[PDB]
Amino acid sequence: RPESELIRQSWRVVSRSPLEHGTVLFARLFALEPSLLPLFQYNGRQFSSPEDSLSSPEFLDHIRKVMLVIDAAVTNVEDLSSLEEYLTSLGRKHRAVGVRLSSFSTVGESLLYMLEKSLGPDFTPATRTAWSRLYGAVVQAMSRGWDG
């Protein structure tokens, strides 16, 4: 594909400092949907403010986990059906922790925001479109974990 290379090339810049970049993604995420903050429950406690999450080693570990699943999608960009069962089960996990499937649309916007801000003029509309397709396929797979 042409899109496959556009994804690989755009990811390279970001994939080298995944915590820095996933930090932008999650900052944006809570700026858009602060009601996601309480779903990150470590040691029984609730983060009061978005900046509280950034001091949590467990939260930051989660950023790294997210960037690793995205990296798996990129690796597998030419065929994502091989991640389907992994992703379905990832979906069920998130259903279990209280995430509503609709919140994954905000996550997608947050990803696109992060890529836009890292790539600047290199985030062409074809790059956006390609990422939107890839993320969309990921969430389709995950959505099976919420009962189809």
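All residue numbers refer to positions in the sequence shown, first residue = 1.
Averaged over Cα atoms, the B-factor as recorded in the entry is higher for 95 to 103 than for the other of 95 to 103 and 59 to 67. Looking at mean Cα B-factors across 36 to 44 and 107 to 115, the upper value is held by 36 to 44. The PDB entry assigns residue 22 a C-alpha temperature factor belonging to the lowest third of its chain's modelled residues.
The entry lists a Cα temperature factor for residue 29 that places it in the lowest third of the chain's modelled residues. Compared with the other modelled residues of the chain, the Cα B-factor recorded for residue 121 ranks in the highest third. Annotation for residue 90: CA B-factor lies in the middle third of the chain's modelled residues.
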